[PDB]
């Protein structure tokens, strides 16, 4: 459950997203309230109260990914994916991914770790999230091969099913290429 495409390393990992080390860790929030949701909470606790200040002070809107520093996370930046409510969810994911990965070229990011975005509450189906997540990652690997990137998909330990889907999607993908 890891593979290298050109200058891109991609790994599936069972752990907590807020306990990661990477240039960038991806948050997943409702923009009206970043104190709600599994990932948003984990991150808010770990990163500390000062993370919610820079976040409320920099929303001021079509911004799909808000960027902050990492505070007490072992990261340089946090990319907060903002799920706005007036959009198709599979499209928000697909667009939030590309932006997050484009920002990786913008900020000379070498490593980025993402949770299983959009699987919360069964909003996007597990295989579809995985389909989309790999889709965009692989796209980037082909379209910007000059940029070295380590991408982790962090799956929560108890979420065995989500894990089984990402393995399978990765398997499927490597069978090509």
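Positions refer to the first chain, counted from 1.
At least a third of the other compared entries skip residue 61 while keeping the residues on either side. The entry shows a gap from residue 60 to residue 61, with 4 to 9 unmodelled residues of the deposited sequence in between. Legend: mean Cα B-factor per stretch from the PDB entry, 165-173 versus 151-159; the higher mean is in 165-173. Averaged over CA atoms, B-factors in the entry run higher in 40-48 than in the other of 109-117 and 40-48. Of the candidates 34, 26, 141, 65, the PDB record gives 141 the highest C-alpha temperature factor. Looking at the C-alpha B-factors along this chain, the one for residue 87 belongs to the highest third.
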